[PDB]
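**Q** Take a look at this one; I'll ask things after.
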Ligand SMILES: CCN1c2cc([N+](=O)[O-])ccc2N(C)C(=O)c2cccnc21
């Protein structure tokens, strides 16, 4: 129990409290439960209730994982169902890169402090339970019930209110909340740090929060959500690549996942070949033999993961610099650093938005993802360094129907540079043969070739015709068509696509001296 | 004083909108701003028992080193109960000026039982901090209920002026106050300044010229010699416009297109074709008759990027039945230009029909969501959806 302002809890509209019948238990268990329950009443955590209370919730005895002694548990599922929605917040994890370098960090196990935080007086009645007689004993909660809906949220807020004062008079410290842990950091000298920690430890104790003695406390580096947190550096926890002979489908997936996790700091991590192994997988238990390329990719990845790389923390004093590189068709590696080539984070981008695209547009999209990412982790946009020329950008920019914008960036000469492989003529070509395509074409010079497909779809036919036109024409061609679809696609100046046909057309376009696409009804 | 009771629409519940991430600078502003507001009893911090949420933003004032909080009460407004018509004369006025009277709402308290619905949150960087939660105690700026409730109070404040200067037209829309007149600019600005002092008497920038607003008609290429290609485009453009103006005929022109001629070949127009074109121009010379505004219908707005800082918009309710069409030039980058364009259009829709239009923006969401606040300066936020502009429609405008 703690002297904190109780948070008002209420049931969801028109609902009654839980009236779930306690499901009978063993006498031995009943004995155990009575012992734990009485212990709690003594501590004011729970108090007996009279027959006035009609609400009931199932309780049962379980033994702690690896040990021989009883543990009390209450299935608050139904009450949870009946409990009002709480602002449970976002399920967003704070990426390490946004943390600042601290000369000292200490983590405090704030697990049972939960029970210290009180429960709404008028709500307590709903948390009623009963330990049956082998003169019954009916109880109710006086604090936050473990496993209850509003426990986390209410606890978090209450915690913030308790810390707020301390934070105020100790702005040199940094207390960050996160579940049953309280991460505390500062640039204070070790000795003084231990003191602040004690000042905070007891600051909690004043409000009633039970905390761990510095002696029995966790030491750095902290294994926090896939990461490894040192006060001055971080990285992903020990990622070990299995040295198997036979690789299960499921295995390949697990592998790929791990690999991606590493990509956020380990540059050069590639999974393309591994992904390929999944094509046509009939069972999670099926075994797929690695291709020489996959062997190379796994080996190469394995090597990269053999030298404990470490990400830098954030320094509000230094600017965020983001750099982007084309790793492969559609794959773009990027890394955000503050000090010359010593990143806080790195990553890849492959998000293909649309069935047909071009590097420039894809680069743009990559830039946006990053910009978003930077604002999330650091609340500010990073100055970009891009493998594209202001000219190339401006060209595609001004001519594309969609509005777009790229935050402050500078060109960097680090091939491969992103470019535009072909540009359609703005006006018809004089002296160029004219192709009237609809599957066949007819030209002003009499030339006509018409054939019949076999699998094509209405829209596929239209492009086939333009492809034909391109295929039989000279370096400069005037192509007229009625398909706004094909037209639009080709007008989008795509350099890559999912449809082999489009890519072939793109190839042709790349080889032409001048191409002018025209549309008619 | 007396908190007029306000409820949500039957069955509907408070909003639970996700807060879009914000730049540190923006946050610090919202922190500062909300802080002074808390001190002043305007807003209060809320507990976790309030599961509601509405996004908040920090914009920049027009020519002033100050930020103005902007709460996106859109969803809430759409869930708030229903509750000044519209001076048709306003759109005819020579000069209108917009004032932000939003600050007035802060004198009136919001119905205690409704307050929890105005729950907003100052986001934290990298989800490190739970976030700052607040809820309004007074009538919130941007809420549709605020103007209605403050209507009585407002009207009282508006007549020593309205009846003392019947030559002035004052229309309220959300936190804004449209003041139009026909006094030569010199006098107009003075009358505006005076209204301000008059308002200050009770404890309470943008300038337009609606009379100069004109509808951009569909145009056709006027050229010396016509090529096969030109004629193709002429025909194609006409074929589109024929759906609006059915009196358009292409017949004679298509005749000139008979045969797989070279695209660059110059085709002389037969007199019948010349005349047909002549007629088509005349038909297009004015907006299609019958375009009548319907209050019970949503006002839709589509914009198209014409490049080099040029933009084309059309305000309509029923497809092709455009109530208005206009153009826009830079006054910059696509997003900025877009935001300015959007705002302008909205402002117009307000002056005209007294309503905000729903936009169909030619941009990516993540792009817009990220930069729109960087250039926004209005007190309201129009509804918007993101689409992919068909290459044809662009070629058919300007
Ligand atoms: C005390 C801050 N702390 C830290 C903060 C945090 N957060 O804000 O979400 C999450 C984890 C975390 N941990 C565990 C740290 O060890 C840490 C390391 C360096 C700086 N601040 C660190």
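Protein chains in written order, with PDB author numbering: chain A, 2 to 135, 140 to 443, 455 to 537; chain B, 5 to 87, 94 to 214, 231 to 357, 362 to 428. We treat Cβ as the ideally placed atom computed from N, Cα and C, and that holds for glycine.
1. What residue from A:81, A:31 and A:373 has the CA that sits closest to residue 138 of chain A's CA?
2. List the residues of chain B whose Cβ lies closer than 7 Å to the Cβ of residue 96 of chain A, in chain order.
3. Three-state secondary structure (DSSP) at residue 13 of chain B?
4. Apart from the five residues on each side of it in sequence, which residues of its chain come closer than 6 Å, Cβ to Cβ, to residue 186 of chain B?
5. Determine, for residue 537 of chain A, whether the minimum Cβ-Cβ distance to residues of chain B falls below 8 Å.
6. Rounded to whole angstroms, what's the CA-CA distance from residue 18 of chain A to residue 115 of chain B? Just pull it up for me.
7. Within the present structure, is the beta-carbon of residue 264 of chain A separated from the nearest heavy atom of ligand 1 by less than 7 Å?
8. Along chain A, in chain order, which residues have C-beta atoms closer than 7 Å to that of residue 25 of chain B?
9. Among B:351, B:363, B:337 and B:331, which one has its Cα closest to the Cα of residue 407 of chain A?
10. I'd like the span of the alpha helix (DSSP H) that includes residue 364 of chain B, first residue to last.
11. Would you kindly report the start and end of the unbroken beta strand (DSSP E) that includes residue 535 of chain A?
12. Buried or exposed: residue 39 of chain B, going by 16 or more other Cβ atoms within 10 Å of its Cβ?
13. What residue from B:391, B:262 and B:156 has the CA that sits closest to residue 77 of chain B's CA?
14. Is the distance from the Cβ of residue 62 of chain B to the Cβ of residue 33 of chain B below 8 Å?
15. Tell me the DSSP bridge mates of residue 191 of chain A?
16. Determine the contact status of residue 227 of chain A and residue 205 of chain A, defining contact as a CB-CB distance below 8 Å.
17. Using the beta-carbon count (16 or more within 10 Å), is residue 361 of chain A buried or exposed?
18. Are residue 275 of chain A and residue 302 of chain A close, meaning C-beta to C-beta below 8 Å?
19. Quick one: what does DSSP say residue 388 of chain A is sitting in, helix, strand or coil?
20. Quick check: what's the CA-CA separation for residue 178 of chain B versus residue 194 of chain B?
21. List the endpoints of the continuous alpha helix (DSSP H) containing residue 425 of chain B.
22. Is the closest heavy atom of ligand 1 to the C-beta of residue 190 of chain A under 7 Å?
23. Along chain A, in chain order, which residues have C-beta atoms closer than 9 Å to that of residue 168 of chain B?
24. Let's test the definition: count the other Cβ atoms within 10 Å of the Cβ of residue 24 of chain A and tell me whether it reaches 16, buried, or not, exposed.
25. Spell out the partners DSSP gives residue 113 of chain A in its beta bridges.
26. Is there a C-beta anywhere in chain B that falls below 8 Å from the one on residue 385 of chain A?
27. Kindly list, in the order they appear in chain B, the residues whose Cβ is closer than 8 Å to that of residue 288 of chain A.
28. For residue 393 of chain B, return the contacting residues in chain A, with the cut-off set at a CB-CB distance below 8 Å.
29. Does residue 115 of chain B come out as helix, strand or coil in the three-state DSSP assignment?
30. Smallest Cα separation from residue 103 of chain A: which of A:346, A:195 and A:436?
31. Whole angstroms is fine: what's the gap from residue 67 of chain B's alpha carbon to residue 290 of chain B's?
32. What is the rounded straight-line gap between the Cα of residue 483 of chain A and the Cα of residue 268 of chain A?
33. May I ask you to list the residues that DSSP assigns as paired with residue 132 of chain A?
34. Please look up how many angstroms separate the CB atoms of residue 219 of chain A and residue 199 of chain A, rounded, as I've assumed it's under 8 Å.
35. Is the distance from the Cβ of residue 387 of chain A to the Cβ of residue 379 of chain A below 8 Å?
36. Against chain B, does residue 345 of chain A count as a neighbour if the rule is that its beta carbon must be under 8 Å from one of theirs?
**A** Reading it off the structure:
1. No coordinates exist for residue 138 of chain A; the numbering of chain A passes from 135 to 140 with nothing in between.
2. By Cβ distance, chain B contributes 136.
3. Coil, per DSSP.
4. 108 and 409
5. At a cut-off of 8 Å between beta carbons, residue 537 of chain A contacts chain B.
6. 40 Å
7. no
8. Those within 7 Å of residue 25 of chain B in chain A are 380 and 381.
9. B:331
10. 364-383
11. 530-535
12. So residue 39 of chain B ends up on the exposed side.
13. B:156
14. yes
15. A:105 and A:178
16. no
17. Under this definition residue 361 of chain A is a buried residue.
18. Here residue 275 of chain A is near residue 302 of chain A, since their CB atoms are less than 8 Å apart.
19. strand
20. Distance between the alpha carbons of residue 178 of chain B and residue 194 of chain B: 13 Å.
21. Where residue 425 of chain B is concerned, the enclosing alpha helix (DSSP H) stretches over 421-425.
22. yes
23. Neighbours of residue 168 of chain B on chain A: none; closest Cβ ~40 Å, over 9 Å.
24. exposed
25. Per DSSP, none; premise fails for residue 113 of chain A.
26. Using a CB distance cut-off of 8 Å, residue 385 of chain A counts as an interface residue toward chain B.
27. Simply none; closest approach about 38 Å.
28. 407, 408 and 409
29. helix
30. Ranking A:346, A:195 and A:436 by CA distance to the CA of residue 103 of chain A puts A:195 first.
31. 53 Å
32. In a straight line, the C-alpha of residue 483 of chain A is about 39 Å away from that of residue 268 of chain A.
33. A:142
34. At roughly 7 Å, the Cβ-Cβ gap stays under 8 Å, so residue 219 of chain A and residue 199 of chain A are in contact.
35. It is a contact, given that the beta carbons lie within the stated cut-off.
36. The C-beta of residue 345 of chain A comes no closer than 8 Å to any C-beta of chain B.
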